[PDB]
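Presented below is the structure to which this report refers.
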Amino acid sequence: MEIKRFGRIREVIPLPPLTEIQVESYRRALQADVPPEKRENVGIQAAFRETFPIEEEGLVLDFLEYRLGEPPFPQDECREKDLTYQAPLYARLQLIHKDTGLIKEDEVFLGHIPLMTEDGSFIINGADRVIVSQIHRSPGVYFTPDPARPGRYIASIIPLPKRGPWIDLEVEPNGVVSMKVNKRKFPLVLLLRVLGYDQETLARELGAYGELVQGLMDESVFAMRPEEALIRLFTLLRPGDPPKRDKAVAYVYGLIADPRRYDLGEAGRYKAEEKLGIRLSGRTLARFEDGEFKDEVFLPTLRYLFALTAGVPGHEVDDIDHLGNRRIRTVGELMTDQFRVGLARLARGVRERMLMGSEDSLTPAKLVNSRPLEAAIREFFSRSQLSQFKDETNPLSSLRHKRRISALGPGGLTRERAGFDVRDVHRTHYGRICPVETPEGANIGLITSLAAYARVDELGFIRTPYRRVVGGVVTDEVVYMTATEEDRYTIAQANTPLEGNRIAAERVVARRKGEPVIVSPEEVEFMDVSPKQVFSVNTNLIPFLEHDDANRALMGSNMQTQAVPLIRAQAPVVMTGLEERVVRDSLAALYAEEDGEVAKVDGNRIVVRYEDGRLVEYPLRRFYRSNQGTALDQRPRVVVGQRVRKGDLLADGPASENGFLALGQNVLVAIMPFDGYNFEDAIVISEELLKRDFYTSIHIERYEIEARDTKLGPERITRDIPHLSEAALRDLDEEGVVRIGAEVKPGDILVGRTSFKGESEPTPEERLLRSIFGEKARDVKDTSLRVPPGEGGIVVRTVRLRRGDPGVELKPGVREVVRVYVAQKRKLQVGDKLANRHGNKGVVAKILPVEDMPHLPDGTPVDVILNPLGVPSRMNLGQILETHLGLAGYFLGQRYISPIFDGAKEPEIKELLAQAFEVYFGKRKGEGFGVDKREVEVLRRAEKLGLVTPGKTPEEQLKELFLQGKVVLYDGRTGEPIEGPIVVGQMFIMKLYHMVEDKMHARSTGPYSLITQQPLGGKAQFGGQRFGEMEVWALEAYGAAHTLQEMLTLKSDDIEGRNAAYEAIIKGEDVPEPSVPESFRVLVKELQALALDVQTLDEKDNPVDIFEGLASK
Amino acid sequence: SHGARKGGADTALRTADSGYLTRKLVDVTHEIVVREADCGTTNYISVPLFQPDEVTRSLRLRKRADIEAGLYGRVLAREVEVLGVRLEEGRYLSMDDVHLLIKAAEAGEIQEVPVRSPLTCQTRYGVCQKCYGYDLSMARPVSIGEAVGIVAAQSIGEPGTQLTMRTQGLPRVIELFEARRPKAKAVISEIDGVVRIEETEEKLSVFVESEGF
Amino acid sequence: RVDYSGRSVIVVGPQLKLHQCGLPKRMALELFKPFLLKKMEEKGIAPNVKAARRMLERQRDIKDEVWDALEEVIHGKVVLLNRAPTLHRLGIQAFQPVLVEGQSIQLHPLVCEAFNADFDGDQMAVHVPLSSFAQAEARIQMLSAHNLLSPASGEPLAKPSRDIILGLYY
Amino acid sequence: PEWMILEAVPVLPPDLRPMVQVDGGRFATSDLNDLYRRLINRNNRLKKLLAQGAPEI
Amino acid sequence: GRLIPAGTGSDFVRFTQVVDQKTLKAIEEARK
Amino acid sequence: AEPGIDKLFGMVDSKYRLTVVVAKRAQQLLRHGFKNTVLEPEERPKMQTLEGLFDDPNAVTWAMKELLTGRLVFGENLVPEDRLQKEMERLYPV
Amino acid sequence: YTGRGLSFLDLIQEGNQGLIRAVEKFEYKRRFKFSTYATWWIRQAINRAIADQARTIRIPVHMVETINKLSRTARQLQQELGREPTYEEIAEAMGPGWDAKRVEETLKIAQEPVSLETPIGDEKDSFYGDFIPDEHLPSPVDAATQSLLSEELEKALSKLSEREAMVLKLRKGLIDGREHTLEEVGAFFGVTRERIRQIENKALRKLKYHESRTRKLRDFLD
DNA sequence: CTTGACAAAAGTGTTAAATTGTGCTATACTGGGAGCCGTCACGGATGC
DNA sequence: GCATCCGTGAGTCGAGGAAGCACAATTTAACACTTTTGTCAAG
Ligand SMILES: [Mg+2]
Ligand SMILES: [Zn+2]
């Protein structure tokens, strides 16, 4: 299967490491490789240098250096034992007695820092988790126009999230500038006087403007001394507190001058310098030195605001939604922030501990309490919104999840607090954030995916690469630039024709400040690297993207994530070229480090002899259960003695074929309605797919049980379960666990557990029964683990962890835990959801035999039948072109790589189809067969429809039909041909994770809630279906009063009513009349608890007791 | 992609508003039920067959769909004689009757149709059978005891998602049902009279003149 | 939340009548469990209700006559199919269940426009009316074949659709 | 009107604010138990302060 | 959780009684 | 649709009265074990079982067929409920 | 003392109580300032209040001190060893009379109850109480099988004689009361204890014979 | 139908060990810490 | 008449589970002893 590549755009640079956004940021944060003396003031090192030294105010706790030890357990051990993959963090601290002049130095153990795996995901509590980058407003100074009053602007000073209050500066109608902090508004003149500014300085600096400077001059504040002005400012900010100079200056310093409490940030400082044209010494609004306050940013901000109000040419407002004004916090920044919070708590504990208790005899180890830091870190890595449970259905799933950017999370936007402004695709999203890919629904526009070529810079601003164009020739120099820098140049398009390096087109389509323009080659300053940089990883994997509507390409890209690995997965016929890169960068496959020869090949491990001679053994991950239940296995693709070059493939990862991403099957697809089984996106498949095991996956389910200690006695996991026959215990071994390899069905026992019964006398009927049968009641009862309905399979693994095992930290009171991994081989069935890369999705509605599917004149039946009516409404024409190219490849025996927006076009597909028809019909001519009568009738009908040129021979008409992508398709039932030619091709169809087997649920009676006594919800808990308000409204509209009453009382919460109804049904009688629900009783009791007398009356207004006298004294 | 994302966000933020409006409509008209065959009221509404078009400034026949939506399955309050056909009082207007009325209007014989409507229904805590008309789900007079309030609320709220959101579309419907004061509210004449324009560069004033006011 | 309620993915059934839906055998067994126990007690399948329930607990202990008893039970009875959101009153419709081999509910195409349901992965809930009043209300008022006109406008709501219209026009 | 000021605070039945033991042995309780505990603690502290002749502040 | 005053729960149709011919004739004969 | 549904709808002034009558007749048939049916042995609804044809156990279908035959008198304030139940028990003991 | 389970104002009020106690017990003859003596009582009252009121399930002060000492020892060993200590090291460091089992039980006791209203998921639409079944009230299946067992037992007892059935119901609590002893039933019937035992055994044997010949009551035994 | 001998099952009465609750620490300490933030529209009082 | 603070609302399913120390007052496990049967021989 030779690969033919289309396209004329030559990329000067390759795709950057797709996981670098997660990996490089955490490497910068930890700095575990750089020696401590060479560490820069970033990340947790910056946090240490910020919080430390701690001063009692003569005891000083200073920090010298920190180191990270080797992790106690490897990744596999942490996953198996449900541990957290982390490295021990120790800090070196010194205690200095200022009065005494003695130093005590020792290394204190601060705790454990979770480590990142090579793929970019953490292992928290044995579960793979991914930290999602958060997009937020970049700190700095912005100038937004006031919407309430036209012609006026308001200045906003934004620090880092939870690192200071937002400052507002506004021009009041009176002409006096107002500063707003923490919802409190006051005259800015007071705080400006606190910074030691005189009338002459303000007159000389801000006087070259309108009446704003005159309004800024209030002799009441200017005549006031800076100390009295500071006291008045403190009184205005915090009323009631006594005016004290020390407290006032401390509060002001902590509000606008304390680096530990106020942090504008590196990005904020850079933005302030870029906008206001100043050089901030630090990252604070004001500087407290020599016992006095010095201005840093307030005066330049006020000057810029006054100039913008006046209307100077060089100053303009700032766009809040501009992607240059919006930055990204990766895993490193969030982890550093949480570490800083924990370290601040630790410093507070040290300070409150170092001033009390044996001050002379102190050591840094005793003072330092590391519990708050570890608590904050574990809270961030477990219970944070941005720390999401890893989606690893396929390597592409994890790859996208690591590259996701979420506007939600702690300190960010909210799902229902977000308007259209944040959800729209700004003009600066070009080449930095994927426009099409986003989760549709309530989270559309709030979660996005990073572009393919985009990379987050040091400050957190997304950059995109552009080729420098000078003198009309495009050079190989590539500049990674942000949106604010991008807005200053005219950037051409990657599809502009080039005569080598010189631009050939006289009229070049370019972008100026985000708007499309037509310019000359001389005016071109930058060029796009490639069309791929605009779209993310998923969208770059959709061939013929230019022919798909954005709303449907969104669905296609999203569903590419949900495709499950298949035991016979094969790469698509029509590719875009990123499959190999996705597989390589997802770290799912196995590749040789350098040149060498493979010495041993096995299903479990591969031993390779490199050129230097060293033996390297790579274990093969075999049938490991992913987070989503899919089976992730690596299959060797080499043989003993085979020589491999550096970077060559050694073992295919999950959902991969020879290093190419294989999320589905290449199946013969015919586009035609079929007996209504294609109705409303439904898909018809052939039984031939099941015969040769296509769309067949492996799913592993984990069932966990725990034997604990109980006051009644310790629960024992044993094979001897009381009142059970030998048939039920056939599969259980001597230890009470199901033997490995046994087939389990719903209701079968996986592990046997007996629990001591609560000491309570039995009901008299049971006692009489026991006396009649002479069977003494045992002291234990069956509490074993059984397969839930709708599940089962083959037991493939049993893990038994016991208390006292090395590294197994069981919860207190739990003797042991048993986990059973049961694997089932799922085949395609009716109700399973299939899809394709172009967003065409549907559930399999019929599985026809091979003899019923339409077949080609050569006898080849089609495998999948698609409804054509899904094309015109969804406007996803790319699937048609993929079908044509797949037909050409199927009859030519080759695969194609057509990159998005630069690849296969209509003439190329037509000539490929011409070659395919040439070989296809030459084979028939050589076999000695002419033209079918049915083919002749179809050709006549087609020429009546204008599809083929009249007067040509049947061979020429058939060739024309093939060039149109249509073939004469016969009917498998009647044998007569389909009256019109049918588009038949080879299309790549994925099997999605949504399967009817895991979604079907039913329930008659089961668990009920605690308070309302209503049935629970969810298939896992065996709950009922929610009959919400809208269903009740529908029942009322039908007027089904009795059905609604039943669904409200008999089937939901009428305890006596439901018990009597069940007893009547099992006795063959009709259910009785329902009674008052328990929910209304809860309502009445809660209203009474609110001191409201709710009484139910009758026709004569007499009270009616709905509690049957149980609540009456 | 800008327009596609705008449409997606519009749909996402419109489905919730449509559902909330449907909930309001259900909760305000949950008590409306057909409670009697006839309340005996003599009031009615004159459904107009002609719309006063302003570009031509004259009465023009309304669309067939509008007349069908406003007259199908309704009881005639007063007997109507059109095209030699006498529709007596208390006769339910079927589709054939609506088409006959439309043809009569096209012949210039009738201007408005007097029909019984829930607005004029005097039934307490509900409506009457002869005021509601047909049960549109069965094309026959409404059965006594049907929860027409819930049906009405669901019928109004179901196509709220299909309305375009981009004073127009679903927000217009919401502000109409809430009786909200529009921001760009129109100016209406409080009393009848002759209009007089006093357009001047300084101010624009309109005078309504009567015999003494 | 209600008892005797299930949920499953829907697929298109062209062979079904307008008043029929394809209820999976397992879902029917679980939803009609008390009626099935009573029927098994009536015949010789089980001695009493407890033995029948124990037989139904284990999948491999279910004989072939249990399915025949289940088919006998559902004779005449109907189940309510529901699809969220229930925007209008036709979001819940009564259908006569038909036992099918599989795990997906077979839905008639004509009611799909009434349900606003396609087959791109939709899920629907099944509810079982119990008494004579509920069954009569479902079969007389809530039946799919009895609600052919839309209450909103009076025009037909269960009418020919995409493929049907395409074929008839062609 | 004087009924609008509570002299005796009603207490919801404990089953509507359950303190249940899960199968794992952990105890799960509602926030109403915590609110009632805070109210009772403050009331008893006020009673003790009044009995001890605490100052007006 | 009561019977709603609409549809089959409406007072107009809630109290309707169905009786056969034989039992009705027996009642009339035994009464009159 | 149910057999003869148009006639059943047209025989009453309100469809909910039809539903009430059908449900009450079905419960009356269930209580007496189908011994009070007005259907001839050649008119009883039948179901196809592997053993053979048997009587239909769905009381709603029986009530609908009986009301279709037209031998059932339905209305409001016909006879006292207690007297009606006593007479029906006397005629058809159960 | 803030952040230890009690709010700031509660700590202030408990310290006020301790201050009142200190004023009651203060002596000025020793020439020590009031702050020195009052601090002891204030911190004692605050700590006692924290021990007695910071937990939903109250724990005695001695057990609170034991838990605090155990936590301090565990923290010291954790910082010394650079890892989380096992129960053996903690028990060894605590002192005599402590083993791994006692440490595990103390840690189990020190487990605060979990709130029933803690949300799970990005949306605030789920709670713990939605996933905890009610295992107190009998299920419909349990009530149905209890009623079936009662009916079957009543039908089976009909085969017994009038006196034997009454004796068995009295002796097994079928009259909703506690199982009457042999002497009580004998005095009720005016018969000696031995004859009551003999007739009860004979009736039980007859019921066993009937069950063997019918096998209509075995399924309810479980 | 009863009349005596035995052998546990349960209850009564101490006994200290375990558990629980209250009292007491005497240099001098004398007013808090966390926020902090991207939504719009619509009652409806609250004043000027 | 109008600017402004406050309160309420913004779709449905499903799938997501940081002192000890002494000392006195209260409870209870452990036994020791009558008391009460449950049963067995004697017909
Ligand atoms: Mg759908
Ligand atoms: Zn009326």
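Those sequence lines, one after another, are chains A, S, Y, G, Z, D and V. Read in order, the letters of the first sequence are residues 1 to 57, 63 to 1118 in the authors' numbering. Read in order, the letters of the second sequence are residues 1074 to 1239, 1253 to 1299 in the authors' numbering. First residue of the third sequence: 622, per the authors' numbering; consecutive thereafter. First residue of the fourth sequence: 509, per the authors' numbering; consecutive thereafter. First residue of the fifth sequence: 1469, per the authors' numbering; consecutive thereafter. First residue of the sixth sequence: 2, per the authors' numbering; consecutive thereafter. First residue of the seventh sequence: 202, per the authors' numbering; consecutive thereafter. The C-beta atom is built at its ideal place from N, Cα and C for all residues, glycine as well.
Inter-residue CB distance, residue i and residue j (contact presumed, cutoff 8 Å)
i: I54 (chain A); j: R356 (chain A); result: 6 Å
i: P635 (chain Y); j: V721 (chain Y); result: Incorrect: roughly 13 Å between the Cβ atoms, too far for contact.
i: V732 (chain Y); j: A773 (chain Y); result: Incorrect: roughly 16 Å between the Cβ atoms, too far for contact.
i: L107 (chain A); j: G270 (chain A); result: Going by Cβ atoms, the distance from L107 (chain A) to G270 (chain A) rounds to 38 Å, so no, they are not a contact pair.
i: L455 (chain A); j: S541 (chain A); result: 6 Å
i: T1102 (chain S); j: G1222 (chain S); result: 4 Å
i: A250 (chain V); j: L210 (chain V); result: Actually they do not touch by this definition, with Cβ atoms about 12 Å apart.
i: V749 (chain A); j: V827 (chain A); result: 6 Å
Collapsed DSSP secondary structure at residue i in the structure displayed
i: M1000 (chain A); result: coil
i: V876 (chain A); result: helix
i: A656 (chain A); result: strand
i: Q1019 (chain A); result: coil
i: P854 (chain A); result: coil
i: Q219 (chain A); result: helix
i: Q1050 (chain A); result: helix
Proximal residues to residue i (C-beta, below 6 Å), its chain only, five neighbours per side dropped
i: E1219 (chain S); result: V1107
i: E290 (chain V); result: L278
Same chain, Cβ closer than 8 Å to residue i, five either side skipped, listed in chain order
i: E1091 (chain A); result: none
i: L547 (chain G); result: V517
i: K16 (chain D); result: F10
Other residues of its chain near residue i: CB distance less than 7 Å, five sequence neighbours each side excluded
i: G354 (chain A); result: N374, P377
Contact test: residue i Cβ vs ligand 3 heavy atom, cutoff 7 Å
i: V1200 (chain S); result: Judged by which ligands are present, ligand 3 is missing from the structure shown, whose ligands are ligand 1 and ligand 2.
* **Members of the stretch 1212-1235 of chain S near chain A, C-beta cut-off 7 Å** => If the cut-off is 7 Å between Cβ atoms, the stretch 1212-1235 of chain S has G1218, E1219, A1220, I1223, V1224, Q1227 near chain A.
* Near-chain Y residues of the stretch 52-64 of chain D - C-beta to any C-beta below 8 Å -> So the list reads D57, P58, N59, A60, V61, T62, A64, given in the order they occur along the chain.
* May I have all residues whose beta carbon comes closer than 7 Å to any heavy atom of ligand 1, sorted in chain order? => Residues flagged by the Cβ proximity filter: Y:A738, Y:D739, Y:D741, Y:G742, Y:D743.
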